[PDB]
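Chains A and A', in that order, are what the protein sequence lines are. A prime marks a further copy of an entry chain. So the first sequence is residues 22 to 463, 484 to 510, 536 to 569, 586 to 591, 604 to 796, counted in the deposited numbering. So the second sequence is residues 22 to 463, 484 to 510, 536 to 569, 586 to 591, 604 to 796, counted in the deposited numbering. Since the structure comes first, as structure tokens, the remarks are kept for the end.
There are 2 protein chains.
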Amino acid sequence: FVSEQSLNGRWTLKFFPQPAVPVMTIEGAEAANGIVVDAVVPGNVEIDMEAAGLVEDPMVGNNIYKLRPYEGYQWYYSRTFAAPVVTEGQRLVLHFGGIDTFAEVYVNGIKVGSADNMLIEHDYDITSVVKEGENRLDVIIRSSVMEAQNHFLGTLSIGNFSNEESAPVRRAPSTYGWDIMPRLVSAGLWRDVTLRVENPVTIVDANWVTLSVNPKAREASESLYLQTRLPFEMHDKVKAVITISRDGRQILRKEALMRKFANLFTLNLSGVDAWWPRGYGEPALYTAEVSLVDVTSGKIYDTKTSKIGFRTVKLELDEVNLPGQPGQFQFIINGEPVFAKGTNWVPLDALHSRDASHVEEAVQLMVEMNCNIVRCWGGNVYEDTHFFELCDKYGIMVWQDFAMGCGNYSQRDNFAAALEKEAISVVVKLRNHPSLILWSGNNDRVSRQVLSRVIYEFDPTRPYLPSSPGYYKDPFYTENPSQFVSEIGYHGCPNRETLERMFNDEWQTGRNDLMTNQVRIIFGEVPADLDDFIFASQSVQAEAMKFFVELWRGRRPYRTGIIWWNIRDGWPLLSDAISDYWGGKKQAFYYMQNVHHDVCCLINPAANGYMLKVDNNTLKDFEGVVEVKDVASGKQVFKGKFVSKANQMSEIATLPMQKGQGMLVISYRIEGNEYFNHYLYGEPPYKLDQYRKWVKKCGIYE
Amino acid sequence: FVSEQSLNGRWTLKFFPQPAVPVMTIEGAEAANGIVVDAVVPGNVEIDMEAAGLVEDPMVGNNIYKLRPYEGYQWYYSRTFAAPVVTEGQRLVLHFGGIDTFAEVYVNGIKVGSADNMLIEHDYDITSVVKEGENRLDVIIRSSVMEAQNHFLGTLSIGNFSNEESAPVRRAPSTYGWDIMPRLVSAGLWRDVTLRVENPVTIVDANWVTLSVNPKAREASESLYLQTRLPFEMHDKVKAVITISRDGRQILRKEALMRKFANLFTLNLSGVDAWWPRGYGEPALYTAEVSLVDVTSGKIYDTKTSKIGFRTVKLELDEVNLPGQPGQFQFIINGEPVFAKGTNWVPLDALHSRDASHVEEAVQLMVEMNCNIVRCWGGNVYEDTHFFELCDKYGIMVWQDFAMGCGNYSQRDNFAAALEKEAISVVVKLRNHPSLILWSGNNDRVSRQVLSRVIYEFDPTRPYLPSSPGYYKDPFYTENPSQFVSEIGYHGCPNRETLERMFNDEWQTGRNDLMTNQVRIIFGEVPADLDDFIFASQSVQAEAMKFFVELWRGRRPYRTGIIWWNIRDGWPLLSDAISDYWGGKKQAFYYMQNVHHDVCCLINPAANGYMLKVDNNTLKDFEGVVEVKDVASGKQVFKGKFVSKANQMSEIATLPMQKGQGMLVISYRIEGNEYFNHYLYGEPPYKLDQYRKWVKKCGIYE
């Protein structure tokens with residue numbers, strides 16, 4: 022964009038209870054009896070009120086329930102802005118990255134738009150209403166909860182675990198409450214507000230599509246679907262300048278005279294690397310830039326730049342074993358069947374204006390874990406562009422769920438038009454990121490028509506799948547027929563430092607019972623000491639998660655992927671996450687890390703023994719040695735060389751059954767690098783002090 | 022509702038020919054040159070004009086054809102009403118139970134609505150337009166026939182037996198003419214007009230769904246889908262009070278704090294009886310009441326009460342014998358396959374404001390007949406709530422056809438939006454009646490999309506079936547393959563008292607020939623005497639109907655149901671009904687009554703004799719004796735005991751073929767109760783005097 026003048030910073034926020042007739046004008050907003058405080062954009066209204074000392078910190082104890090009255094409040098944002106320089110023919114666009122949710126937008130007392138979706142951007146042409154000098158921007162938000170009473174719900178929209186208030190509105194269903202995730206509806210301008218100046222000649226969209234890729238020949242066929250705004254007097258007088266580069270070095274430069282507003286450019290490239298997920302290769306990214314330049318004067322009218330990756334994606338459905346069942350598929354990246362291992366992406370923060378501050382660390386948790394895939398939960402908002410940029414950079418594939426609740430939705434025209442608008446917005450915005458590999462829904486009007494037609498018309502290169510949503539050794543897990551398990555979870559108690567900071587009735591804020611259960615089956619009794627209960631509850635979560643991934647990794651090539659719930663909490667809570675809201679890595683995080691390795695030696699239970707395997711999630715063969723040794727006595731159970739064939743599971747040896755309870759060490763070395771693992775044999779209940787000494791003498795985990 | 026002030030009574034009706042430009046304003050209505058007369062609401066405009074002596078009685082002779090000019094007239098209803106007490110926050114709703122059809126509704130000279138469907142209710146919020154003191158209500162109806170010329174018809178909408186004027190409008194197709202049913206379009210406010218006052222806290226809908234039922238254990242799982250209007254200041258401060266009772270005794274009382282506007286309550290009940298159709302058990306009904314009560318003050322904001330029945334319905338489709346053919350299904354009520362026997366429901370009156378006055382007696386005709394099912398014809402209007410209440414009370418299942426004509430309809434957006442609005446209105450209004458068991462239609486845009494999507498979203502507990510629409539011993543009836551015959555009919559001449567009251587050209591008002611035919615095949619010659627022709631024509635209809643039901647009852651379990659056309663006339667006419675418009679029971683009515691018994695001994699023709707059967711449409715076993723005796727000579731053909739197994743047909747004996755013509759008596763006694771039947775053997779033509787003596791000496795029918 023020619024000019025991007027930010028409107029972030031200090032605004033004026035006036036809040037008041039919403040009357041029977043909602044306030045939708047500036048006159049009623051300034052006449053209403055309310056409280057005026059300073060606000061920060063981007064932000065949440067609860068953050069502004071806590072800065073004013075009007076609400077307590079909702080992250081401690083039961084303070085979150087004290088935000089209940091504000092769900093029926095209205096929120097009046099207002100600020101003054103200076104009008105940027107607009108010459109004749111240019112357009113001034115007021116850009117909202119996120120309005121939660123129902124609001125009337127005014128510029129100089131003139132309504133410029135009416136917003137009704139918190140998950141998509143909002144752009145309003147304010148060229149004709151802006152004035153010279155000081156201008157006025159007013160946004161009057163009304164109660165999201167009360168808007169639901171403007172709709173009549175179908176039978177199948179009531180009673181589902183999704184809140185009925187979430188059914189007729191386009192908002193993140195998690196904000197209304199889920200499992201233990203607490204109700205925090207909130208409101209406000211939770212993303213950037215900016216002013217954009219566009220030339221009469223401008224780029225509307227630049228769609229990059231990888232037609233084909235030959236990784237060995239270092240070649241790729243890349244298409245550019247360029248749509249521009251082009252006055253006819255500029256036809257045959259503007260040229261498009263396409264530039265592909267990597268690390269400063271220019272790979273390709275193509276110029277073409279713009280004779281029409283929409284064009285397709287096919288670039289056959291040489292000496293370019295393919296984009297691969299983690300383990301299967303390098304996440305090669307190339308800077309793709311297109312510019313509209315005047316042929317005579319050289320004036321640059323617009324320029325769009327993004328980092329793309331040459332990659333092809335295909336979902337291979339298995340119709341021989343369980344045809345059409347959830348999980349009977351496998352991702353084919355660059356013609357190679359990949360094994361998916363990763364986490365489900367939950368909200369990063371109940372106050373979603375703080376999501377961007379957590380994106381960096383949260384994605385890094387997947388890097389240390391070595392996740393090659395991540396499934397963004399449909400109950401959460403759509404993450405912004407920077408999240409996908411990090412997944413592009415670190416080679417983490419993205420499975421994107423369209424925002425839906427666990428329960429049926431409307432089948433009428435009004436809700437379909439709102440979902441089509443949302444789908445077209447999200448698809449066009451994200452369809453150029455190589456990390457994104459799959460759209461997912463869940484004649485049901487939303488998934489089997491509206492979302493499918495949008496993908497068919499705006500993203501034909503990605504698959505669209507409308508489906509797939536006590537003792538960890540129970541047949542419930544060990545005899546699951548799903549080639550690709552999606553949401554597998556287990557509860558763990560957060561670290562003591564997180565407990566003493568977030569905090586009976588406070589712990590409840604049968605799920606808390608589930609914690610005490612799992613410790614009894616594994617360790618016999620519930621430890622009276624708090625520190626002993628934390629280590630025991632975290633060790634149960636650690637072994638259970640490790641067992642799940644090792645099971646799927648060891649049953650390849652039938653098993654094709656495993657996504658687990660989850661990697662990080664979005665609120666200081668007692669849940670199934672392996673890392674809490676403040677960055678505390680629980681005991682499970684380290685157990686899984688030694689199993690998500692590119693080449694991992696593991697043990698699976700066998701009929702008359704233990705099966706020592708080695709899994710390879712790369713495209714190269716590896717040689718090494720592996721040594722199995724009982725922890726307690728130190729006896730060597732197995733030691734020998736192994737060949738890890740590329741992109742497959744390899745069986746090494748069948749170990750004899752050990753006596754009673756105990757632990758085995760897995761010491762294997764690859765190319766001079768030492769890697770470590772373990773296997774808990776025997777039958778529960780175990781002695782907690784014995785399991786503690788096994789971990790300590792193993793010398794792997796603290 | 023807090024206040025229901027009726028607006029029924031005397032109105033002011035001004036009628037005039039509709040100009041080229043239809044009158045749609047109060048100013049043009051009062052300026053038009055017309056006639057002003059007193060009117061009665063609810064009513065039909067023809068009834069008001071006959072009270073003024075302006076039209077003759079359209080029930081005598083050819084007077085109905087003199088109402089032709091009024092089809093192009095406009096009708097201007099007008100009255101004054103006092104405004105009920107409305108406090109701050111309350112809503113005043115003007116309720117129309119039925120506007121026929123196209124009208125502009127004005128309150129104090131301000132248009133509050135525009136109506137375009139005579140089959141559904143119309144509600145308009147007149148809170149902002151009502152004034153203190155005397156108010157004005159004006160309804161300007163225009164010509165329904167002329168509105169059709171505002172549409173272009175498809176090829177398949179022209180030429181069908183449905184009138185082309187009925188295709189593009191939402192009106193009862195019967196009003197335009199059907200078979201001999203005469204054309205009487207009519208107009209007016211044919212149902213109640215009332216004023217309703219709603220609190221800010223009010224009940225929008227209370228959907229009762231029987232999830233499951235265990236008749237033996239006297240248990241049932243009942244769900245309540247409650248949708249309310251709830252100001253946020255009332256959240257957590259209003260409670261819902263649910264009460265299930267029967268005959269004053271309270272069965273269940275549940276209270277729940279209203280924390281959101283829409284909720285699902287599941288009630289697991291004990292000591293409750295299931296609802297059964299006639300014969301299969303008791304029509305147990307329970308008073309289900311929900312109220313919104315202020316937790317502090319105890320103020321009752323709203324209360325909705327209705328009688329429900331714990332019942333489950335399933336349509337078992339036969340895909341082995343004739344897969345997908347009409348009639349190859351059977352109703353499963355409470356897990357039991359039921360045998361359906363009943364009548365088709367035609368209009369109760371061509372002037373439909375008189376329907377409510379006939380509902381009581383008409384439903385009683387099905388009670389004396391012992392019908393356990395009734396199919397409301399799609400050419401008729403949707404009956405009101407009281408009709409379904411009587412079917413709930415007397416255990417008569419209801420098969421509801423969506424209002425459609427025999428012929429294809431439009432496939433464009435305008436007609437689909439009008440039908441979706443009508444379907445959503447009718448379904449939400451009737452989905453709580455236990456007697457209702459089936460919705461029926463007939484990629485055809487109406488049945489295979491619009492109606493189906495409405496049922497899927499607003500009534501998932503009931504089946505939706507888009508289909509099934536000379537000598538009575540001709541193979542045309544005796545070799546019909548339909549397990550469930552739906553519209554089986556036969557003509558009979560009404561009683562003499564009905565002829566001398568309704569009345586060549588008058589009798590015509604080849605169908606009248608059909609009467610003279612059927613008497614010739616059965617009795618040889620056409621009786622010259624009128625009384626002799628009436629008895630002969632009614633006896634033909636009586637034996638033919640009796641034969642049809644006995645055929646289906648005797649071929650169970652393959653045959654699953656039989657609905658016959660029809661039980662009652664809606665106008666003094668010569669038709670196939672077994673009871674005329676003035677309540678006169680024709681000879682067929684009594685023949686069918688002795689065959690619709692819960693346990694009926696009957697005879698079916700066999701290959702080399704007669705098959706003596708006993709049918710059981712209950713869930714209990716019965717023992718008795720049966721005696722067969724020839725009428726003319728008095729010889730005993732058969733006598734012995736029989737065991738009637740529950741809910742099945744049982745063969746008793748194969749009787750030898752009797753000589754020549756004659757009649758058999760069927761004298762069977764069950765639990766000390768005497769029941770009677772007969773069988774006409776031989777081959778037509780018969781002597782009418784001989785058949786008369788057979789009936790007289792049989793001692794069953796007068």
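No residue lacks a Cβ here, since even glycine has one placed at the ideal position from N, Cα and C.
For chain A', check one thing: does any of its Cβ atoms lie closer than 7 Å to the Cβ of residue i?
| i | result |
| --- | --- |
| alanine 41 of chain A | yes |
| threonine 176 of chain A | yes |
| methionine 167 of chain A | yes |
| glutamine 170 of chain A | yes |
| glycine 462 of chain A | no |
Quick one: measure Cβ to Cβ for residue i and residue j, integer angstroms, because I've assumed they're closer than 8 Å.
| i | j | result |
| --- | --- | --- |
| residue 585 of chain A' | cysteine 792 of chain A' | What the structure lacks is residue 585 of chain A': chain A' is numbered 569, then 586, with the residues between left out. |
| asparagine 83 of chain A | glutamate 566 of chain A | About 16 Å; that fails the 8 Å criterion. |
| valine 495 of chain A | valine 448 of chain A | 6 Å |
| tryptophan 296 of chain A | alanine 305 of chain A | 5 Å |
| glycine 363 of chain A | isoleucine 657 of chain A | 5 Å |
Can you pull the DSSP bridge partners for residue i?
| i | result |
| --- | --- |
| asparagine 84 of chain A' | In DSSP, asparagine 84 of chain A' forms no bridge with anything. |
| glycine 756 of chain A | A:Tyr775 |
| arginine 662 of chain A' | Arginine 662 of chain A' pairs with nothing; no bridge assigned. |
| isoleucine 353 of chain A' | A':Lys335, A':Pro358 |
| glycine 555 of chain A' | A':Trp659 |
| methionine 167 of chain A | Note: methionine 167 of chain A sits in no beta bridge, so no partner. |
| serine 266 of chain A | A:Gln271, A:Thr308 |
| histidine 143 of chain A | A:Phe117 |
Are any of the Cβ atoms in chain A nearer than 7 Å to that of residue i?
| i | result |
| --- | --- |
| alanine 283 of chain A' | yes |
| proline 501 of chain A' | yes |
| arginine 433 of chain A' | no |
| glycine 426 of chain A' | no |
| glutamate 142 of chain A' | no |
| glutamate 498 of chain A' | yes |
| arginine 280 of chain A' | no |
| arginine 494 of chain A' | yes |
Using DSSP with H/G/I as helix, E/B as strand and the rest coil, what is residue i?
| i | result |
| --- | --- |
| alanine 636 of chain A | helix |
| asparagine 611 of chain A' | helix |
| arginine 650 of chain A | coil |
| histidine 172 of chain A | coil |
| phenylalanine 732 of chain A | strand |
| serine 195 of chain A' | helix |
| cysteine 792 of chain A' | helix |
For the region 247 to 268 of chain A', list every residue whose C-beta sits within 8 Å of some C-beta in chain A, in sequence order.
So the close ones are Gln248, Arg250, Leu251, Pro252, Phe253, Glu254, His256, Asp257.
In chain order, what residues of the region 179 to 196 of chain A put their CB closer than 9 Å to some CB of chain A'?
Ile179, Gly180, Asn181, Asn184, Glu185, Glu186, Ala188
Under 8 Å, CB to CB, which of the residues in the region 208 to 237 of chain A' have a partner in chain A?
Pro221, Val225, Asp226, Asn228, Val230
Using Cβ-Cβ distances below 8 Å, what residues of the region 106 to 117 of chain A' are close to chain A?
Under the 8 Å Cβ criterion, the region 106 to 117 of chain A' contributes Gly110.
Which residues, in order along the region 543 to 556 of chain A, keep a beta-carbon less than 9 Å from a beta-carbon of chain A'?
none
Members of the region 613 to 639 of chain A that neighbour chain A' once the beta carbon cut-off is set at 8 Å
none
Closer than 7 Å between beta carbons: that is the criterion. Which residues of the region 79 to 107 of chain A meet it against chain A'?
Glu92, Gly93
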